[PDB]
């Protein structure tokens, strides 16, 4: 029997034996996270996760992976959000993310909560996921900023959002990317990611080495010179910090 490994540009991968139709279908298929250690092992159909259990990729021999199931009952499955449903299990955290980041009071004055690293990692490390409901750019761009605190463009046709009350960890903790605060000197970036549970979303990836307990920040990238109106389209707190920065140094 032959084994196929399909790596996504983000570092994650699908591995297992394919059927006659050459499809990733069976009870022994697995999605392996970017650390090439954490995995979701179980039932998949044509590469789509039906029932994946947390496991650890122990070793690989001639392309053949050996997994060891983690103790526990938590199960995961493809659960792509819609414009109204963010998740079937809002309180089930992502296992990879749970070992890399945590939420706490931000070190940035009056910035509420922030996202912090649990471990020291090197450059280009995926740390968190930015899942949320999927809505149009027209809907987002047509409403008050008060409702767009957590909106992130996925692509030309979709915007990901984490609307109230899901912006509270007590109501939603499946992903935590929306908890990272803004910085004009960020240590992370938002990057494309294909997640076995959340589907196509964005992730938070480090730009360089980060230490344990260091706050993770990303440049929100709001339009500073929007064509059609001489005024940076962004919330007040952003415009304030922007001026302070452009004057800082």
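Numbering follows the first chain given and starts at 1. Each form is matched to the other, and the largest set of C-alpha atoms that superpose within 1.5 Å is called the rigid core.
- Between 58-66 and 187-195, the larger root mean square Cα shift in 7 other deposited structures of this protein, once each structure is superposed on the rigid core, falls on 58-66.
- Of the two stretches examined, 124-132 and 145-153, the one with higher mean CA deviation in 7 other deposited structures of this protein after a rigid core fit is 145-153.
- Per the compared records, residue 233 is unresolved in at least a third of the other entries whose models span it.
- Looking at mean Cα B-factors across 49-57 and 31-39, the upper value is held by 49-57.
- For the pair 115-123 and 143-151, the record assigns the higher mean C-alpha temperature factor to 143-151.
- Of all the options 110, 131, 98, 82, the entry's greatest CA B-factor is assigned to 110.
- Per the PDB record, residue ranking by Cα B-factor puts residue 175 in the lowest third of the chain.
- Sort the chain's modelled residues by C-alpha temperature factor and residue 222 lands in the highest third, per the entry.
- In the deposited entry, the Cα temperature factor of residue 212 places it in the middle third of its chain's modelled residues.
- Sort the chain's modelled residues by C-alpha temperature factor and residue 75 lands in the highest third, per the entry.
- When the modelled residues of the chain are ordered by C-alpha B-factor, residue 94 sits in the lowest third.
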